[PDB]
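K.L.:
missing the sequence, but the structure's below:
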């Protein structure tokens, strides 16, 4: 793919950026966390929100958007594209107005061209090899963060400078094991020796240390120890700072739940959600609702994520919450039984119950 | 099986990478954590949800996918395949339109070829050595984090850089005992010695040590001590940094449970689960639903893991949970008894009981 | 047995590995903890789980699997084999279909050969000396962790590199007491002395210090003190790191309950169980259920460990738990009396009791 | 009795190893902890469980296995035998098909030979010196952690390496007072002295010290001080590391109770028990059940330790326990009185009493 250069001299692209450690950690964490949560299609109702089931888009977004891929893989790929490359494209396969399936279009197999009217022309190369032009009315476009308003910003191009120094530091640390920057003891003899005498000296030292003897340094031989520090040779502080800088660059706090290196755990997920994942959830909801839904059904349907697997609480807290909710008559006991994976029961378990001494506010006298 | 290179010059592959302790710990933790969770097959019912004990796939998943392998072995192998190679392959032995058994196709006994139509040709090498052909519609291909869209990223290929440094550091730390970099006492003599005289010198030193006599340094002999640091020679700081870097590479936040090196116990378990395990469970269950289940069956059957063995709590917390969930008429007594593994008792123990001071909301006036 | 080599030069096998300290500690801890818990054979019942007693396998797994060994020793040997060598074999001694006894087969007395059909042939050398071929249908095979899917991984072969450095460090520390690397004071005389004068000088120094006198160093005698550090001579930091590395290698957290070097103790056992012992318990259950039970009885019986001796709580917690369980009518008082080793009493102590004001949820009006 | 070697050159055996303080502490702790727990013989009854006071083995185990040894001595010797040598031997003096007494066969008075059939021939040397033959069906052979399957691992043989370093360190620390490695003040004189002049020099120095007069250093005399460290000469850090290493070798997590060097007291007792004592108790009781009990008796009799002396609690905790276990109708008052060692009182004190507000679950409606 595309490549860029930095001051350190290293050339950064997607492959070398993913060769790093903090980049892979941050990208995988945010993408897999944001793709695990299930998307849903609701229907606006005077009674509340009905779970739209007979609509094609519901099954197309929950189970499998295609005959090959899966919703989890679909969303992880699309959000990885938005993080690294900048934009993401999918192809709408529709027949007789309704939508049949959605197919992701990778940027390596896609060609983007601008025509005379300012629009775009899309050409897609499928597996066999033939190129097929797809009309611009059958392409879903999602951007992310954009300085312009038309095309999203690319993390690789803008973060070339940050990635180059990290790559160079890693390369220096790796090559320190072969440059000879870790050697400690240097022998010295005050005479001229042919190379064969050099191998003989080295082999003799190895034999002496292997046999459990003690060096004696006869004649003009001498030994000196060189005052080095392998931590300074390996650049641990610099690499730690690079990790912190990458984490800050991807807008993921380095102390989010300490993925890189507030007392209760349940608060940690709350901070993670409300500080990092809210913008991505909102962006996906908005863009999907604008493009995948025609104005005929745009005012009757809306998509919305649910966050319950990421907000699982402690057992005592769950018990107290359920007890105080069912006691005040907010929710019936059948909802609690469903929420714990228990079979429902009929009768008065489906009606609201309230304390005995509760009089309507208009009935007091 | 990979034979990749690195800047430190050390070859990295599955065997050499598994020689490391940190990789052992991380891979084993993920694998034995996912594998030990039972995977249930459920059937949708109007009255909640019920297990599908009569479907063959249920006993195929809970107990044994094959006649020799168990479910634990099956899933730990498949998880290890995803973690290391990125792709896992499963063959469906199905007869009479129904699945009978499943077996795992190791990557060391496969040949994968690309056809003109984009389809894949699979050839499995049986135990006898015979080659057989497996149709592409009888394999269950499942992939890890995919940067391309169709193939998962192999951990070794992209982490060669981070594995090579660890390998070189470990090998140098081991070889410091052979190079003679830990020597500290050096004798000296102002004359020209023959080899047998040096051997006798070392033997006399050893004998004097044995007899408990202080040395005397008679004539032109002298002793010097080098200012060495064995910790610097063994690279302790570099090795520690490598451990935490590997843990960060495998998306495991280091030192959550002390394996690398929230106050209550259950808080840590929920953190580990909701931060690391949830993506793997979601991916596996969705892939299984899409591939192993026919489109007709997908509307009434679904799978779901059983997360209760990692949610064990304190005795007081469990007692409080059960007391407050029984007193409020959410669970019957028999369900709570079954949770503790006790014989059932029919009669009024199977109905919901609530405090006498309750009243339906509609009745009050 | 088999042996392997490392960079440090030390040759590692089972004997030298068990000559270490961390290896023995970790292996013994995990094996004895996992073997102490009692295995049980249950029978599936509509009323719950009946304790299968008349089945041969129940007594064969609880009291004594043989006429010589014991269930504790049986399981400690089998799990030690799985930890160190990689695999474990036992021999099924069966007559008229049912199982009479189980006999463990040690790897030193067993020979493994592969025939033309891909199967295995087993030959076992008993105490007297004669070799007996045993059919492959009378051998129980249990593996552990396997990279392949057929044979388990061996800790010795893969951890040769980790064990070699620890052995070499121990050897260096031991030999420092005879090499002469701990000497502090060196005398010096500016003349040539015959050896007899060396013994005389040493004896004179010993006599002077024994008589309580003070050295005077007449003439050209001199004394120098050499600036050494015995901690650096003995490699305490390196050996500490080796201990930590071994503990991490065996997947046992070094801070599990501090066996090598969360406030309540009861939480410590919970973490230990749920993080280290769950995979082994699950593996043993699965493999035993698959092999030792025919499909005729596989759907009516199942094995299951119980964990109560490892989860003993504080006295106040036990009292509170029992009181709140018997008060809400979850369990009768006879169960509590049994659990404390007290004789049961008849009458209303065997029926569930509940608070006076508890009305069935369908009876409220 | 062993005569093993080590890299430090110090012979290790039972006597030299017991010369160490850490081995003393660990072995004594384990032995006197297991021995002080009483071992009861129980008979199975439908109405719970009852002691077998009329069986001879009961009085043989509680009070005295012999006519000279007590139960405490018997079991502490047998535990020490397992810990040090790995194997313990007991002879059953049984007459008229029943056991009369048991005696302990020390390893220093046995000869064990291997026969062609694999059986063992035992010869005991009585006190008089007479040799007698003991059949292999009249010995109770019990073994510790066995790596082979038939013989336990002896601690000395495998820990020679870790005992030799401790022995060498202790001997050098002791011998620093004889070598003269603690001297710090050295006089000097620029002339050739005779021995009597040196003796007079030392005597004059001592007399000047006695008379309280400052020295004068008249002529060519001078004084120097060496930069020595007695802690480095005595190897304090090495000795501390050796202590903790030995504690780790005997599977005792160091510094649990301060013997080597959870906040409440009872938490520490439960930790010690459930982490160290449980395997020994389980092994001993299962071996006793298998060997001393005939197959006919094994279906109605079993043994069990009495763990209550290590579970003593605070006065407030004990009072709360008894109050809440009596108020709730689980224990009668007489049992609680007997727990505190008080005379019984018949009447209504022997029945279960419960609060008047209780009601059977079946009755409510």
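P.N.:
It's in. Numbering: from 1, shown residues only, chains lettered A, B, ... in the order given.

K.L.:
can you list the residues of the stretch 251-365 of chain A near chain C?
P.N.:
Counting by Cβ under 8 Å from any Cβ of the partner chain, the residues of the stretch 251-365 of chain A lying close to chain C are A:333, A:347-349, A:353. Heads up, the C-betas are built off the backbone N, CA and C, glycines and all.

K.L.:
of the residues you listed, list those near chain B.
P.N.:
Contacts with chain B within those, as defined by Cβ under 8 Å from any Cβ: A:333, A:348-349, A:353.

K.L.:
of all the residues in chain A, which one is nearest chain C?
P.N.:
Among residues of chain A, the one nearest chain C by Cβ to the nearest Cβ turns out to be residue A:347. It sits 4.8 Å away.

K.L.:
on the three-state scheme, the residue lying closest to that residue once chain neighbours are set aside is what?
P.N.:
Residue nearest to residue A:347 in three dimensions, not counting chain neighbours: residue C:362, with 4.8 Å by Cβ to Cβ, 6 or more residues apart in numbering or on different chains. At residue C:362, secondary structure determined by DSSP: H, G, I helix; E, B strand; the rest coil is helix.

K.L.:
and residue C:362, how far is that from residue A:355?
P.N.:
As defined by Cβ to Cβ, to the nearest Å, residue C:362 lies at a distance of 19 Å from residue A:355.

K.L.:
re the thing from before, the residue of chain A closest to chain C contacts residue C:360, doesn't it?
P.N.:
No. Counting by Cβ atoms under 8 Å, residue A:347 does not reach residue C:360; the two are 9.7 Å apart.

K.L.:
same drill for those two, tell me which one is more crowded.
P.N.:
The neighbour comparison of residue A:347 against residue C:360 (other Cβ atoms under 10 Å in any protein chain shown) goes to residue C:360, with 16 against 13.

K.L.:
who's that one bridged to?
P.N.:
residue B:353 (DSSP bridges).

K.L.:
measure it to residue C:348 for me?
P.N.:
In this structure, residue C:360 and residue C:348 are 21 Å apart, going by Cβ to Cβ.

K.L.:
now swap in residue A:37 and tell me
P.N.:
Between residue A:37 and residue C:348 the computed distance is 52 Å (Cβ to Cβ).

K.L.:
ok, the nearest residue to residue A:351 once chain neighbours are set aside - contacts?
P.N.:
Take residue A:351 and drop its neighbours on the chain: the residue closest to it by Cβ to Cβ, 6+ apart is residue B:360, 5.3 Å away. Neighbour list for residue B:360: A:348, A:351-354, C:364-365 [criterion: Cβ atoms under 8 Å, 6 or more residues apart in numbering or on different chains].

K.L.:
weed out the non-buried ones from those.
P.N.:
Buried residues within the contacts of residue B:360, counting neighbours by 16 or more other Cβ atoms under 10 Å in any protein chain shown: A:348, A:351, A:353-354, C:364.

K.L.:
please identify which pair of these lies farthest apart.
P.N.:
Considering Cβ to Cβ, no two members of the buried ones among the contacts of residue B:360 lie farther apart than A:348 and A:354, which are separated by 12.5 Å.

K.L.:
and the spatially most distant residue from the centre of chain A, what does it touch?
P.N.:
Relative to the centre of chain A, the most outlying C-alpha is that of residue A:219, 65.0 Å out, by Cα atoms, centre = their mean. For residue A:219, the contacting residues are B:189-193, taking Cβ under 8 Å, 6+ apart as the criterion.

K.L.:
for chain D, see how far away it is.
P.N.:
Distance check for residue A:219 against chain D: by Cβ to the nearest Cβ, to the nearest Å, it reads 31 Å.

K.L.:
residues near the residue in the stretch 151-300 of chain A positioned nearest to chain D, how many?
P.N.:
Proximity to chain D, evaluated over the stretch 151-300 of chain A using Cβ to the nearest Cβ, is greatest for residue A:212 at 10.6 Å. Neighbours of residue A:212 under the rule other Cβ under 10 Å: 12.

K.L.:
is it located within a strand, as I assumed?
P.N.:
No. According to three-state DSSP, residue A:212 belongs to no strand; its state is coil.

K.L.:
isn't it up against residue C:175?
P.N.:
Yes. With contact defined as Cβ under 8 Å, residue A:212 counts as touching residue C:175 (6.9 Å).

K.L.:
just how off-centre is stretch A:242-249 within its chain?
P.N.:
Using Cα atoms, centre = their mean, to the nearest Å, the distance from the centre of stretch A:242-249 to the centre of the chain it belongs to is 14 Å.

K.L.:
what's that stretch in contact with?
P.N.:
Counting contacts by Cβ under 8 Å, 6+ apart, the residues outside stretch A:242-249 that touch it are A:20-23, A:26, A:155, A:159, A:162-163, A:165-166, A:169, A:253-254, A:260-261, B:248.

K.L.:
pull the number of nearby residues for the closest residue to residue A:263 other than its chain neighbours.
P.N.:
When the adjacent residues along the chain are set aside, residue A:263 lies closest to residue B:263, with 6.7 Å between them (Cβ to Cβ, 6+ apart). When counting by other Cβ under 10 Å, one arrives at 11 neighbours for residue B:263.

K.L.:
isn't residue B:263 right up against residue C:264?
P.N.:
No. Here residue B:263 lies out of contact with residue C:264, judged by Cβ under 8 Å, at a distance of 11.0 Å.

K.L.:
please list the residues of the stretch 51-200 of chain A that sit near chain B.
P.N.:
Proximity of the stretch 51-200 of chain A to chain B is confined to A:63-64, A:70-73, A:76-77, A:80, A:104, A:106, A:108, A:126-128, A:170-171, A:173-175, A:177-178, A:182, A:184-185 under the rule Cβ under 8 Å from any Cβ.

K.L.:
quick check: ChimeraX command selecting the buried ones in these.
P.N.:
The buried subset of those, as determined by 16+ other Cβ under 10 Å, is captured in ChimeraX by this line:
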select /A:63,64,70,71,72,73,76,77,80,104,106,170,173,174,177,182,184,185
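
K.L.:
following element in sequence after the helix or strand containing residue A:266, please.
P.N.:
Assessed by DSSP states H and E, residue A:266 sits inside helix A:265-272. Downstream of helix A:265-272, the first helix or strand assigned by DSSP H and E is helix A:278-291.

K.L.:
what strands flank the next helix or strand along the chain from that following helix, and is each parallel or antiparallel?
P.N.:
Sequence-wise, the next helix or strand beyond helix A:278-291 is strand A:301-303, with elements assigned using DSSP H and E. Each strand pairing with strand A:301-303, determined using DSSP bridges, is listed with its direction: strand A:41-45 (antiparallel).

K.L.:
what's the partner strand in contact with?
P.N.:
Contacts to strand A:41-45, defined as Cβ under 8 Å, 6+ apart, come from residues A:49-52, A:55, A:57-58, A:61, A:299-304.

K.L.:
and the residue in chain A positioned nearest to chain B, its phi and psi?
P.N.:
Closest approach of chain A to chain B (Cβ to the nearest Cβ) occurs at residue A:127, with a separation of 3.0 Å. Geometry field for residue A:127 lists phi and psi as phi -70, psi -40, criterion degrees, to the nearest 10.
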